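Asker: The following block contains the structure, expressed as structure tokens.
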Amino acid sequence: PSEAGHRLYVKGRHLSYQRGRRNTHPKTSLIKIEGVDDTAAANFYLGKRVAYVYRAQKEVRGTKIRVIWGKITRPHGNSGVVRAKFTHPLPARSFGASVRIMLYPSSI
Amino acid sequence: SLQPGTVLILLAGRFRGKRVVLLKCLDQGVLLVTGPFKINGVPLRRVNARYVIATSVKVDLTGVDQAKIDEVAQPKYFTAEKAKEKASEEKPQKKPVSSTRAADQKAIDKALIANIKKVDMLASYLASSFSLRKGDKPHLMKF
Amino acid sequence: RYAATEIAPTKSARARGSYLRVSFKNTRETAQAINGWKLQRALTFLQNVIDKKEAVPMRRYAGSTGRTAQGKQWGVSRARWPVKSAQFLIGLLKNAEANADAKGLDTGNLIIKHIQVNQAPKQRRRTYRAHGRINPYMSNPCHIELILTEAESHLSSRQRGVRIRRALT
Amino acid sequence: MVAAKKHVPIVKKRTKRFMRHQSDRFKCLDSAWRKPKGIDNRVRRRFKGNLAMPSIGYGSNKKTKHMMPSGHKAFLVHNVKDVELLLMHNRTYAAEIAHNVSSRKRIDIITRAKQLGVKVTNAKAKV
Amino acid sequence: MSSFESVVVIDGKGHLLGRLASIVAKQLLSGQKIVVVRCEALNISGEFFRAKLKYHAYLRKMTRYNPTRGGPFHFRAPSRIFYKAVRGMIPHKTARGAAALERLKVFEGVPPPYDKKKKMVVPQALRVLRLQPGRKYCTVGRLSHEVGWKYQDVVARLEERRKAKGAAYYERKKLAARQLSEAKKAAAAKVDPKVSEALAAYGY
RNA sequence: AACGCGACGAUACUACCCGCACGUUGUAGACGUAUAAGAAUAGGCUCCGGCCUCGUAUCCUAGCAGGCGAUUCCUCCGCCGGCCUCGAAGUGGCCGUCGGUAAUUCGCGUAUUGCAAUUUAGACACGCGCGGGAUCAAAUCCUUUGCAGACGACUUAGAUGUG
RNA sequence: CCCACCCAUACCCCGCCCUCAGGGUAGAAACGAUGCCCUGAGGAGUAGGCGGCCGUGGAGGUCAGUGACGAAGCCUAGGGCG
RNA sequence: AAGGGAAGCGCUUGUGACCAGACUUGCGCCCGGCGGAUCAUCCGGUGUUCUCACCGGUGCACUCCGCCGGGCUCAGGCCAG
């Protein structure tokens, strides 16, 4: 009987797209890392993988759960918020929503 | 960070978040690792450097058959029969392990556990699974 | 021809009327009121409408219709009594019931599957108005049709292996 | 053969059609693009948030122009002589039988094109 | 420490209204659930007649035709004042703003489900950490009471009962702490020399 | 407040309650979703030794997504019963029984998911099935009333009676 | 006063379309030469000027063109090219 | 299917529904079994672009043409490490 956990990812929250005062660019998204506060800690996670995991209505190939894949590109600002590029822009309803950030590819 | 005979944490795949020992470093990002099998259930297998994490703990590798290791490291040991097992398997039954894999795994892990049981609680550490627990920040922690 | 072409003609009874001198709006409202019901209940309801015992709700064509308590039978306040539309629908329903009897179906278990009221070519009249104008009085006829029927894996290798695991254990 | 010539990837800069202004509000106005000639109209003045206007910039690559996603260029075919015209272009051109060709001549064209290896886009229409 | 939790419960005593509303609104729009207590203990900087004058100007602003609909509904509870600040700080006229406002809950006092939980404070909004000691400040509860809030005494009495139960709970907690200290001493007089020496070096 | 809330009466079916088989059902988005003193900040806490910048803390954390067996352990969880407790939008404690339980150590199984592919796993709500207990309801139309009225709406009365 | 950060169609690098300018292409194994290859630059636009393409009714020639095994027309949350 | 005091329009996702493509193997070798003489060379006639071909003859088991039972090379669609 274990009684432990299984988390191998770092929690993140998709906040918004890269944007100005008016215009928003859905090409890149802004991700807040759990526990990252500064640019050096962000630079640790640059290049790391990221998955937006959601659920749908129809099971297509054995699962009702769909994923969107991407990677961290560069730090954003001084807060450690990271800029992320995905295979497809995020659904824009996932503003303030959970993403799983994977430590592969790893260099440590 | 990775040397012949070092404990790594596999992060992805069937054995995700689990500690094994890297034995030999193959080419094009391929690493030959073993559990050992009798310790944590991981057999002789090859994984990817970009998906492992190298831990500073070094296991005493003296007493292992390097000829056996590189004989296994020859680039057919898995793919040569992979098609045979795929055809054989596809009420459900576990498909049999090859006798060659069984013999080499037995020799290698016999030597490896003989070396491992010297340092304290290393067997338990290798059998235990890796996990991140609230407040654990990978960007600062030393492995 | 009928709009509802997905109902077989050997199990259903249909009635039709063309170029009927009734109000299209009132006929549509009362046909929608009697839609989907049993034949006997529709006939009783239409006779009650003629007798001013029950009223049809005014849902779409409901300009300045006074309220009546009978409207609460429909969750509405605005209801009306289209006697002439009710009479012509009773005529068509009796014709369809006679057709069903001829075909041999059980009249006690028949529902109004399809009902439709369409607009017919308009029939002109003219009346006299002051300031040198003549007012047109196009009457607004409608076609009616009704039909009654008897009431009654490309999984991946990882997925396959994981399912083998849970099947074994 | 079935496979076409190796070609550079077919990239399409824009996929959705250029809709004429106010066509969605007026039903007498069809969706075909018309150049607006107004002096204060914002589609012509190119204000942001308005409909885009066709330009030569949206032009497709010369190497991939007039090519179907299969990698062939469509050729309208009326008969067996037209498919024998397409004979020497198995890897570059495809046969598209005209809409007014009868079923029997369609069968003949399909047979000849199968012998020639020329792909027919609409071989299963009347099957 | 930039951590994600189920619900963050903030004890609002000693917090400045605008700054606390700013932090709460940013968390809400980032996707965190916030529950604020003791909005009657919230504080507003400046002087109390300044705050009362601002609220009286707010009361003056009112629709003519029908005060029943459309007019600015001048909510007089401190919980509603803090909610007004957060709503003005969040884009409430959109789906995302509605979602954030649904993620927010605000109360007077500490209801029973939240008196058993841990209440956190925001250092960037604390009155003691922000206001210069010579400056005056007012209380949202007093402002609400003198503008027309009807339940100052009720929350005061409920707070008194809650503090009594908290005193009893803390008596039990101190007993538990003393017993735990005695147990740790008695056990450390045993364990195994090696174990204790090693746990030390590590840091525990 | 007609999209604010509470209490109570009766609730035929549908299924009202109860247990699980669950659901290709939903969710502004589980993955340890762990953590109650109060009060002051030109002071406070304490076992009365002392301690207080610092929650970069405490708890918890090992076992085929967590097996089977064995020396040793009475530690920690869970469910049901009794006594009490909690009302601000309603819970926790004690005892008991029963079930599970590495704090030390060991053997047998993991292989093949083939070099990664979300580690489909939580919660509440809703829906389909069973088998145990329980009950056999109302409203509107219709007629009537005038304490009401433009029509609606409202106060009333129709089942045996002071009708 | 100092540091860092955010972004415009702007500035820099790359790809693609078009236009213009500058070169090459015959004892032809030779070309929709009105073609093809190399290099660079440039791209807002009212009145106005020039060019090329699309469509309609009818006429000459041609496709030994299509068609009752279905022309034209019409409808289409079915597709392809520009 | 959407709908708390307008609809409608542009960029970009997501859900649902409905669809066009692509792929099904091609090429070449090591074999073996075959079915067979459209191998070469030379001779006669014919036509041309004066050295190139077609016919008729000659030419039949490591020579040429098609099939099969295999093995190997290469190239093959989609998304990725």
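Here's how to read the names in the structure tokens: chain A, B, ... by the order shown, residue numbers from 1 in each chain, ligand numbers from 1 in the order shown.
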With a distance threshold of 9 Å and counting only C-alpha atoms, extract the residues of chain C near chain B and express them as a PyMOL selection string.
Answerer: chain C and resi 158+162+164-165+167-168
Asker: Residues as selected, C-alpha atoms, written as a compact mmCIF listing (two decimals), in the first residue's frame, can you do that?
Answerer:
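Output file out-v5.txt follows:
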```
# COMPACT_ATOMS: atom_id res chain seq x y z
CA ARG C 158 1.15 1.59 -25.72
CA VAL C 162 -1.63 -1.14 -20.97
CA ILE C 164 -3.14 -6.20 -21.67
CA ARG C 165 -1.77 -5.26 -18.25
CA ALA C 167 -6.66 -7.58 -18.41
CA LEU C 168 -4.02 -9.81 -16.81
```
Asker: Find the residues of chain D that sit at most 8 Å from chain G; for each, write down the nearest two atoms and how far apart they are in Å, to one decimal. Count only C-alpha atoms (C1' of nucleotides). Sort by chain, then by number going up, and give it as a tab-separated table.
Answerer:
```
residue	atom	partner	partner_atom	distance
D:39	CA	G:46	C1'	7.3
D:56	CA	G:17	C1'	5.7
D:57	CA	G:17	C1'	4.7
D:58	CA	G:17	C1'	6.2
D:59	CA	G:17	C1'	4.4
D:60	CA	G:17	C1'	6.4
D:61	CA	G:16	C1'	6.3
D:66	CA	G:81	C1'	5.4
D:67	CA	G:81	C1'	7.2
D:68	CA	G:80	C1'	6.6
D:78	CA	G:66	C1'	7.5
D:100	CA	G:66	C1'	6.1
D:101	CA	G:66	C1'	6.3
D:102	CA	G:69	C1'	6.9
D:103	CA	G:69	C1'	6.2
D:104	CA	G:69	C1'	6.4
```
Asker: If you run DSSP on this backbone, which residues of segment 70-114 of chain D come out as alpha helix (DSSP H), and could you give them as a list in words?
Answerer: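 The alpha helix (DSSP H) subset of segment 70-114 of chain D is residues 80, 81, 82, 83, 84, 85, 86, 103, 104, 105, 106, 107, 108, 109, 110, 111, 112, 113 and 114 of chain D.
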Asker: With a cut-off of 6 Å and counting only C-alpha atoms, select all residues of chain E in contact with chain A and give the selection as a count of residues only.
Answerer: 4
Asker: Using only C-alpha atoms (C1' of nucleotides), which chain B residues lie at most 9 Å away from chain F, written as a PyMOL selection string?
Answerer: chain B and resi 12-14+16+29-31+37-38+40-48+51+78-79+82+85-86+94-97+101-102+124-125+127-129+133-134
Asker: With N, CA and C atoms kept, could you save the residues just selected as an mmCIF file, in the first residue's frame?
Answerer:
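Everything below was put into out_0.cif:
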```cif
data_model
loop_
_atom_site.group_PDB
_atom_site.id
_atom_site.type_symbol
_atom_site.label_atom_id
_atom_site.label_comp_id
_atom_site.auth_asym_id
_atom_site.auth_seq_id
_atom_site.Cartn_x
_atom_site.Cartn_y
_atom_site.Cartn_z
ATOM 1 N N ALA B 12 9.619 9.478 -18.700
ATOM 2 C CA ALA B 12 8.542 9.169 -19.628
ATOM 3 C C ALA B 12 8.586 7.680 -19.947
ATOM 4 N N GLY B 13 7.553 7.206 -20.637
ATOM 5 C CA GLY B 13 7.464 5.812 -21.010
ATOM 6 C C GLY B 13 6.750 4.968 -19.978
ATOM 7 N N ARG B 14 6.848 3.655 -20.186
ATOM 8 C CA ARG B 14 6.201 2.701 -19.294
ATOM 9 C C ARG B 14 6.745 2.803 -17.873
ATOM 10 N N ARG B 16 7.979 5.426 -16.313
ATOM 11 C CA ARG B 16 8.131 6.847 -16.034
ATOM 12 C C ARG B 16 8.297 7.104 -14.543
ATOM 13 N N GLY B 29 22.016 9.460 -28.903
ATOM 14 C CA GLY B 29 21.132 9.708 -27.783
ATOM 15 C C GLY B 29 20.542 8.484 -27.119
ATOM 16 N N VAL B 30 21.081 7.299 -27.369
ATOM 17 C CA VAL B 30 20.545 6.056 -26.827
ATOM 18 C C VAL B 30 21.377 5.635 -25.626
ATOM 19 N N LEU B 31 20.701 5.264 -24.541
ATOM 20 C CA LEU B 31 21.348 4.828 -23.312
ATOM 21 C C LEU B 31 20.872 3.429 -22.962
ATOM 22 N N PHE B 37 16.515 -5.810 -12.787
ATOM 23 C CA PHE B 37 15.157 -6.336 -12.873
ATOM 24 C C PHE B 37 14.644 -6.808 -11.520
ATOM 25 N N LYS B 38 15.464 -7.538 -10.766
ATOM 26 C CA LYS B 38 15.024 -8.045 -9.475
ATOM 27 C C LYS B 38 14.885 -6.957 -8.422
ATOM 28 N N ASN B 40 13.713 -3.301 -9.071
ATOM 29 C CA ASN B 40 12.543 -2.465 -9.288
ATOM 30 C C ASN B 40 11.674 -2.905 -10.458
ATOM 31 N N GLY B 41 11.989 -4.021 -11.107
ATOM 32 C CA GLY B 41 11.161 -4.541 -12.173
ATOM 33 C C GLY B 41 11.519 -4.087 -13.570
ATOM 34 N N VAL B 42 12.467 -3.167 -13.720
ATOM 35 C CA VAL B 42 12.880 -2.704 -15.044
ATOM 36 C C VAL B 42 13.936 -3.648 -15.604
ATOM 37 N N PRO B 43 13.713 -4.231 -16.771
ATOM 38 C CA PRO B 43 14.722 -5.114 -17.360
ATOM 39 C C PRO B 43 15.762 -4.347 -18.156
ATOM 40 N N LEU B 44 16.651 -5.072 -18.826
ATOM 41 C CA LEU B 44 17.596 -4.454 -19.749
ATOM 42 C C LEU B 44 16.816 -3.781 -20.871
ATOM 43 N N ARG B 45 17.112 -2.511 -21.132
ATOM 44 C CA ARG B 45 16.335 -1.723 -22.077
ATOM 45 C C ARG B 45 17.194 -0.541 -22.501
ATOM 46 N N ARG B 46 16.762 0.176 -23.532
ATOM 47 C CA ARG B 46 17.424 1.406 -23.937
ATOM 48 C C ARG B 46 16.432 2.559 -23.936
ATOM 49 N N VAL B 47 16.896 3.706 -23.448
ATOM 50 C CA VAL B 47 16.095 4.898 -23.224
ATOM 51 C C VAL B 47 16.837 6.094 -23.813
ATOM 52 N N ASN B 48 16.277 7.283 -23.618
ATOM 53 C CA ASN B 48 16.800 8.488 -24.241
ATOM 54 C C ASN B 48 17.358 9.454 -23.198
ATOM 55 N N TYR B 51 15.314 12.269 -21.997
ATOM 56 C CA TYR B 51 14.184 11.874 -21.171
ATOM 57 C C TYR B 51 14.626 11.256 -19.850
ATOM 58 N N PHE B 78 17.043 -6.067 -29.951
ATOM 59 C CA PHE B 78 15.611 -5.912 -29.743
ATOM 60 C C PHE B 78 14.832 -6.040 -31.043
ATOM 61 N N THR B 79 15.220 -5.264 -32.054
ATOM 62 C CA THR B 79 14.505 -5.210 -33.320
ATOM 63 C C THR B 79 14.541 -6.539 -34.063
ATOM 64 N N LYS B 82 11.663 -8.335 -32.515
ATOM 65 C CA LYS B 82 10.451 -7.550 -32.288
ATOM 66 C C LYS B 82 9.318 -7.959 -33.224
ATOM 67 N N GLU B 85 7.803 -11.411 -32.057
ATOM 68 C CA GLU B 85 6.821 -11.292 -30.974
ATOM 69 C C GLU B 85 5.558 -10.559 -31.414
ATOM 70 N N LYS B 86 5.673 -9.536 -32.265
ATOM 71 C CA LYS B 86 4.466 -8.853 -32.726
ATOM 72 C C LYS B 86 3.555 -9.803 -33.490
ATOM 73 N N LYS B 94 0.547 -13.351 -21.371
ATOM 74 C CA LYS B 94 1.806 -12.623 -21.442
ATOM 75 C C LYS B 94 2.766 -13.348 -22.373
ATOM 76 N N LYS B 95 3.241 -12.648 -23.397
ATOM 77 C CA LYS B 95 4.133 -13.270 -24.362
ATOM 78 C C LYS B 95 5.478 -13.582 -23.709
ATOM 79 N N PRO B 96 6.131 -14.674 -24.098
ATOM 80 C CA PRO B 96 7.313 -15.117 -23.353
ATOM 81 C C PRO B 96 8.528 -14.243 -23.612
ATOM 82 N N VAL B 97 9.379 -14.140 -22.593
ATOM 83 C CA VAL B 97 10.640 -13.429 -22.735
ATOM 84 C C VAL B 97 11.658 -14.345 -23.404
ATOM 85 N N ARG B 101 17.634 -12.791 -23.576
ATOM 86 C CA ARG B 101 17.388 -11.672 -22.673
ATOM 87 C C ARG B 101 17.361 -12.136 -21.228
ATOM 88 N N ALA B 102 16.733 -13.282 -20.969
ATOM 89 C CA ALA B 102 16.721 -13.804 -19.611
ATOM 90 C C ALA B 102 18.130 -14.082 -19.103
ATOM 91 N N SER B 124 16.565 -0.084 -1.628
ATOM 92 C CA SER B 124 15.266 0.543 -1.430
ATOM 93 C C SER B 124 15.121 1.804 -2.269
ATOM 94 N N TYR B 125 16.186 2.600 -2.381
ATOM 95 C CA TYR B 125 16.126 3.797 -3.213
ATOM 96 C C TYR B 125 15.866 3.446 -4.671
ATOM 97 N N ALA B 127 14.437 0.701 -5.784
ATOM 98 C CA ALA B 127 13.098 0.146 -5.912
ATOM 99 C C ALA B 127 12.011 1.208 -5.814
ATOM 100 N N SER B 128 12.267 2.305 -5.108
ATOM 101 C CA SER B 128 11.257 3.335 -4.926
ATOM 102 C C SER B 128 11.067 4.148 -6.205
ATOM 103 N N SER B 129 9.895 4.765 -6.316
ATOM 104 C CA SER B 129 9.518 5.558 -7.476
ATOM 105 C C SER B 129 9.773 7.033 -7.202
ATOM 106 N N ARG B 133 6.637 16.495 -4.889
ATOM 107 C CA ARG B 133 5.625 16.706 -3.834
ATOM 108 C C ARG B 133 5.577 18.195 -3.503
ATOM 109 N N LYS B 134 4.390 18.783 -3.318
ATOM 110 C CA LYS B 134 4.190 20.234 -3.016
ATOM 111 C C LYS B 134 5.414 20.920 -2.425
#
```
